[PDB]
>>> print(open('start.txt').read())   # compact mmCIF, C-alpha atoms
# COMPACT_ATOMS: atom_id res chain seq x y z
CA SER A 1 94.17 107.97 101.54
CA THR A 2 97.80 107.86 100.15
CA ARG A 3 99.09 107.82 96.50
CA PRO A 4 102.24 106.23 94.94
CA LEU A 5 104.91 108.41 93.20
CA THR A 6 107.92 106.65 91.55
CA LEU A 7 111.12 108.79 91.69
CA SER A 8 113.07 106.85 88.99
CA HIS A 9 116.29 107.12 86.90
CA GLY A 10 117.40 104.31 84.51
CA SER A 11 117.19 100.82 86.16
CA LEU A 12 116.72 101.94 89.85
CA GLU A 13 113.67 103.68 91.43
CA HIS A 14 112.11 104.48 94.86
CA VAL A 15 108.29 104.41 95.46
CA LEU A 16 107.29 107.56 97.45
CA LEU A 17 104.03 107.48 99.53
CA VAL A 18 102.51 110.98 98.82
CA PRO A 19 99.32 112.11 100.64
CA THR A 20 96.59 113.02 98.05
CA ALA A 21 96.02 116.41 99.87
CA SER A 22 99.35 117.69 98.36
CA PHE A 23 100.09 115.59 95.20
CA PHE A 24 99.59 118.40 92.56
CA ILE A 25 102.69 120.04 94.20
CA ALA A 26 104.83 116.82 94.44
CA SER A 27 103.98 115.48 90.89
CA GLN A 28 105.20 118.81 89.31
CA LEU A 29 108.50 118.43 91.32
CA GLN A 30 108.81 114.86 89.83
CA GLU A 31 108.71 116.25 86.21
CA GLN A 32 111.03 119.27 87.00
CA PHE A 33 113.55 116.92 88.78
CA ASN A 34 113.58 114.17 86.05
CA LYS A 35 114.91 116.59 83.30
CA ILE A 36 118.00 118.42 84.82
CA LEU A 37 119.96 115.13 85.45
CA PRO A 38 121.60 113.56 82.32
CA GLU A 39 120.86 110.26 80.41
CA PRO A 40 121.46 106.91 82.25
CA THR A 41 124.59 104.79 81.35
CA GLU A 42 125.38 101.29 82.83
CA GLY A 43 127.39 101.47 86.12
CA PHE A 44 125.80 104.95 86.73
CA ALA A 45 129.40 106.28 87.10
CA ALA A 46 128.37 109.88 86.06
CA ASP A 47 128.75 112.10 89.21
CA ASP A 48 125.55 114.11 88.38
CA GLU A 49 123.59 110.76 88.56
CA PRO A 50 122.95 108.34 91.46
CA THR A 51 124.56 104.82 91.57
CA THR A 52 122.15 103.56 94.34
CA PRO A 53 118.48 104.28 95.26
CA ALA A 54 119.78 105.97 98.49
CA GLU A 55 121.70 108.56 96.33
CA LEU A 56 118.61 109.18 94.09
CA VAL A 57 116.51 110.23 97.18
CA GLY A 58 119.53 112.37 98.27
CA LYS A 59 119.63 114.13 94.85
CA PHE A 60 115.83 114.84 95.19
CA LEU A 61 116.13 116.10 98.85
CA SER B 1 97.26 102.19 103.97
CA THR B 2 98.31 99.36 101.55
CA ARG B 3 101.38 99.10 99.21
CA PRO B 4 101.80 97.39 95.78
CA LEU B 5 104.35 94.54 95.29
CA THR B 6 104.76 93.05 91.75
CA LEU B 7 105.68 89.31 91.84
CA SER B 8 106.91 89.07 88.20
CA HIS B 9 108.76 86.62 85.87
CA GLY B 10 109.32 87.39 82.14
CA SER B 11 106.10 88.66 80.42
CA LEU B 12 103.54 87.76 83.20
CA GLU B 13 103.16 89.31 86.71
CA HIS B 14 100.69 89.54 89.66
CA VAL B 15 100.25 92.77 91.73
CA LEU B 16 100.22 91.84 95.48
CA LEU B 17 98.49 94.23 97.98
CA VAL B 18 100.96 94.23 100.97
CA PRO B 19 100.08 96.12 104.20
CA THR B 20 102.85 98.71 104.95
CA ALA B 21 103.16 97.43 108.62
CA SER B 22 104.94 94.26 107.27
CA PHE B 23 106.51 95.21 103.87
CA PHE B 24 110.25 95.07 104.97
CA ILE B 25 109.62 91.28 105.44
CA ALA B 26 107.67 90.73 102.13
CA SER B 27 110.03 92.87 99.89
CA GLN B 28 113.08 90.76 101.03
CA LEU B 29 111.09 87.57 100.09
CA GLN B 30 110.48 89.16 96.61
CA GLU B 31 114.30 89.51 95.98
CA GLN B 32 115.15 86.02 97.45
CA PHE B 33 112.34 84.38 95.33
CA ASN B 34 113.22 86.17 92.01
CA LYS B 35 116.79 84.63 91.86
CA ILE B 36 116.37 80.79 92.44
CA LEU B 37 114.06 80.32 89.35
CA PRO B 38 115.86 80.27 85.93
CA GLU B 39 115.80 82.76 82.96
CA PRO B 40 112.48 83.24 81.05
CA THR B 41 112.07 81.62 77.53
CA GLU B 42 108.94 82.11 75.29
CA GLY B 43 106.19 79.49 75.95
CA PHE B 44 107.53 79.23 79.57
CA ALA B 45 107.78 75.42 78.99
CA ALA B 46 110.57 75.03 81.65
CA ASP B 47 109.03 73.02 84.58
CA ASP B 48 110.89 75.14 87.23
CA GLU B 49 109.04 78.25 85.80
CA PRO B 50 105.32 79.18 85.67
CA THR B 51 103.36 79.27 82.33
CA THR B 52 100.41 81.27 83.86
CA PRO B 53 100.09 83.97 86.59
CA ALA B 54 98.18 81.36 88.71
CA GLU B 55 101.32 79.08 88.70
CA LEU B 56 103.64 82.03 89.62
CA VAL B 57 101.60 82.71 92.85
CA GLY B 58 101.70 78.90 93.47
CA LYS B 59 105.54 78.85 93.13
CA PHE B 60 105.72 81.79 95.66
CA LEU B 61 103.24 80.14 98.15
>>> encode(input="start.txt", output="structure tokens")
Amino acid sequence: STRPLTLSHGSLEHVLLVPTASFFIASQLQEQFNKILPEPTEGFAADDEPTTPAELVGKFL
Amino acid sequence: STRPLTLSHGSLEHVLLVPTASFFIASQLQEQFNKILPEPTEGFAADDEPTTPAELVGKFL
């Protein structure tokens, strides 16, 4: 019994498979994480932001 | 333990229920399929493209 969570920023995203036992924890991290990083701009050249989906998971971790 | 894949083109899409055991195969088909067909144009009258979600699954098959 899993549940999808989409860690996303601009035009790239990663689908995270979150167990439903602890989703109320992970979904509140999703909102708190998606506000500190600035506004997306084509090329994603801003060093605070990820350029690739691999970097976005890194920024979350 | 299933996983959503969205076969999509323009304004119509079908959600495909892919088992997670073989998703690395199916997700690479999704990228290779979504590049050979041309750019969407309202009415979807182009014969290379689908007009209906039924045709889009047909084009994939």
>>> interface_residues(input="start.txt", of="chain A", to="chain B", cutoff="12 Å", atoms="all atoms listed in the file", output="list in words")
residues 1, 2, 3, 4, 5, 6, 15, 16, 17, 18 and 19 of chain A
>>> residues_around(input="start.txt", residues="residue 55 in chain B", least_positions_apart="2", cutoff="12 Å", atoms="all atoms listed in the file", output="VMD selection string")
chain B and resid 7 to 9 12 to 14 44 47 to 53 57 to 61
>>> atom_distance(input="start.txt", atom1="CA of residue 35 in chain B", atom2="CA of residue 11 in chain B")
16.2 Å
>>> atom_distance(input="start.txt", atom1="CA of residue 56 in chain A", atom2="CA of residue 29 in chain A")
14.0 Å
>>> atom_distance(input="start.txt", atom1="CA of residue 40 in chain A", atom2="CA of residue 10 in chain A")
5.3 Å
>>> build_atoms(input="start.txt", residues="range 13-26 of chain B", atoms="N, CA and C atoms", output="PDB file, in the frame of the given file")
ATOM      1  N   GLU B  13     102.980  88.743  85.348  1.00  0.00           N
ATOM      2  CA  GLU B  13     103.160  89.310  86.710  1.00  0.00           C
ATOM      3  C   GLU B  13     101.820  89.285  87.443  1.00  0.00           C
ATOM      4  N   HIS B  14     101.864  89.302  88.775  1.00  0.00           N
ATOM      5  CA  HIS B  14     100.690  89.540  89.660  1.00  0.00           C
ATOM      6  C   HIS B  14     101.032  90.668  90.635  1.00  0.00           C
ATOM      7  N   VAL B  15     100.130  91.644  90.765  1.00  0.00           N
ATOM      8  CA  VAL B  15     100.250  92.770  91.730  1.00  0.00           C
ATOM      9  C   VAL B  15      99.701  92.288  93.080  1.00  0.00           C
ATOM     10  N   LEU B  16     100.551  92.287  94.108  1.00  0.00           N
ATOM     11  CA  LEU B  16     100.220  91.840  95.480  1.00  0.00           C
ATOM     12  C   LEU B  16      99.990  93.070  96.362  1.00  0.00           C
ATOM     13  N   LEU B  17      98.842  93.128  97.045  1.00  0.00           N
ATOM     14  CA  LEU B  17      98.490  94.230  97.980  1.00  0.00           C
ATOM     15  C   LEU B  17      99.040  93.908  99.367  1.00  0.00           C
ATOM     16  N   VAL B  18     100.212  94.469  99.695  1.00  0.00           N
ATOM     17  CA  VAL B  18     100.960  94.230 100.970  1.00  0.00           C
ATOM     18  C   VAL B  18     100.658  95.388 101.924  1.00  0.00           C
ATOM     19  N   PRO B  19     100.137  95.109 103.144  1.00  0.00           N
ATOM     20  CA  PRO B  19     100.080  96.120 104.200  1.00  0.00           C
ATOM     21  C   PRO B  19     101.474  96.663 104.534  1.00  0.00           C
ATOM     22  N   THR B  20     101.562  97.978 104.765  1.00  0.00           N
ATOM     23  CA  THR B  20     102.850  98.710 104.950  1.00  0.00           C
ATOM     24  C   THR B  20     103.473  98.367 106.315  1.00  0.00           C
ATOM     25  N   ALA B  21     102.690  97.835 107.261  1.00  0.00           N
ATOM     26  CA  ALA B  21     103.160  97.430 108.620  1.00  0.00           C
ATOM     27  C   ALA B  21     104.215  96.329 108.487  1.00  0.00           C
ATOM     28  N   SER B  22     103.971  95.333 107.623  1.00  0.00           N
ATOM     29  CA  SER B  22     104.940  94.260 107.270  1.00  0.00           C
ATOM     30  C   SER B  22     105.169  94.246 105.746  1.00  0.00           C
ATOM     31  N   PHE B  23     106.013  95.159 105.262  1.00  0.00           N
ATOM     32  CA  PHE B  23     106.510  95.210 103.870  1.00  0.00           C
ATOM     33  C   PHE B  23     108.012  94.886 103.828  1.00  0.00           C
ATOM     34  N   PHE B  24     108.777  95.299 104.845  1.00  0.00           N
ATOM     35  CA  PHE B  24     110.250  95.070 104.970  1.00  0.00           C
ATOM     36  C   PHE B  24     110.531  93.566 104.958  1.00  0.00           C
ATOM     37  N   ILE B  25     109.586  92.773 105.474  1.00  0.00           N
ATOM     38  CA  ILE B  25     109.620  91.280 105.440  1.00  0.00           C
ATOM     39  C   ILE B  25     109.345  90.819 104.001  1.00  0.00           C
ATOM     40  N   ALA B  26     108.221  91.247 103.409  1.00  0.00           N
ATOM     41  CA  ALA B  26     107.670  90.730 102.130  1.00  0.00           C
ATOM     42  C   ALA B  26     108.569  91.128 100.946  1.00  0.00           C
TER      43      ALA B  26
END
